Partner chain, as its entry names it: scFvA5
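Only one chain is included here, represented as structure tokens and corresponding to the form deposited without the partner chain.
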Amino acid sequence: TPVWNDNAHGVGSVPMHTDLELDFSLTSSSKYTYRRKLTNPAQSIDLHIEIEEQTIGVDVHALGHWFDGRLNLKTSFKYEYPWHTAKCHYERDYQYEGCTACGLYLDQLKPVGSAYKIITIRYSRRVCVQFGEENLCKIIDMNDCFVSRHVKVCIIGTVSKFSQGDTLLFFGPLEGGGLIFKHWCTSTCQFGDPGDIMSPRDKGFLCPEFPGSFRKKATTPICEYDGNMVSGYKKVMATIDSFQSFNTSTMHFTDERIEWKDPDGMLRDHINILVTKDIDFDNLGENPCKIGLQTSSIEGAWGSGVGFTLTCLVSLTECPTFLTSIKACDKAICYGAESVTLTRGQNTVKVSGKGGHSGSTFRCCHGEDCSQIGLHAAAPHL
């Protein structure tokens, strides 16, 4: 007969047994403080609420640096091309009757920015509530709720600035801001594209294609190339106003993740705060079920839009069944979650996730509780 469920984050209330409601639209980039002494219609309760500015957390794959460069054309006339040491090149031989060779190569290379592929975007605010001698702080994700015996704080919002798959480019001492690219080259990079010339890891260029053709023109042959000769950096700069900038504040780069506070004050979210002074709220997720967790296996990749899957062994006691969520987390960041009705005893639960880095150990978690160890996922782009 029981059907315990902790996936509901919120409260049941009797509107006549509630004492205070705060309901408002708040600038995303602003904090908010509320302080009041709650008195009886000779004992007072101190209420102190602090809501911090909206933070964005983006799980990314670092793509390395984008480069500007010049495309050079050379003519030579077995026996190797004069330009052979160039990493990025294209050639055609005209031979017989040794050869007579046309070559293209990139040179005057210079890094212009660092690029990051968006894997996941999540917004949150840190919320702290003191009610009497109770003090509790929690990072509340947008579209989730802070729940306590006497106070509920729900945040509801939407933002459409960034999308999964976008590429963020930072031109310099990041902070300040960057550009969003919606069409950074991936499966085909041709010279001229945004993202054309990349160095994924300081060494090794991923060279673009040169889709055009050579031609040979009473003396010496002269080579011509009839494709595009303008680098992607130059083409983008020539129409820079076509691209979308964003600004940042208090940036924090870590491996495969960027967090910051977006200072765009045009954005708002909705905050609702409900307080009951006497009779406790009915916590909708209250239950007597107890969960033990450990990892079993993992497959897939960090830093990947495809992602990974963490297999968890989950033990349920004190309930016949329990509808809940099992998460894949490491160091207080969660990368995926699976809603599941557990049955009493052992359960096997697969959790699909995305994000993290080579050093991540993805743990099986329930609420704030996690397994003793996590598992590493595989590298992407092998």
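Positions refer to the first chain, counted from 1.
Separately, the form solved in complex with the partner chain exists; it is not shown, and the next lines address it.
Undergrad: Using a 4.5 Å heavy atom cut-off, indicate which stretch of 99-107, 129-137, 253-261, 290-298 touches the partner chain in the deposited complex.
TA: Heavy-atom contact with the partner occurs in 99-107.
Undergrad: Identify, from the list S124, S148, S114, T75, the residue with a heavy atom within 4.5 Å of the partner chain in the deposited complex.
TA: Residue within 4.5 Å of the partner: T75.
Undergrad: Report yes if any heavy atom of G204 sits within 4.5 Å of a heavy atom of the partner chain in the deposited complex; otherwise report no.
TA: So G204 counts as contacting the partner chain.
Undergrad: Within a 4.5 Å heavy atom cut-off, is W83 in contact with the partner chain in the deposited complex?
TA: Because a heavy atom of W83 falls inside 4.5 Å of the partner chain in the deposited complex, the answer is yes.
Undergrad: Test of understanding: in the deposited complex, would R70 fall inside 4.5 Å of the partner chain by heavy atoms?
TA: Because a heavy atom of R70 falls inside 4.5 Å of the partner chain in the deposited complex, the answer is yes.
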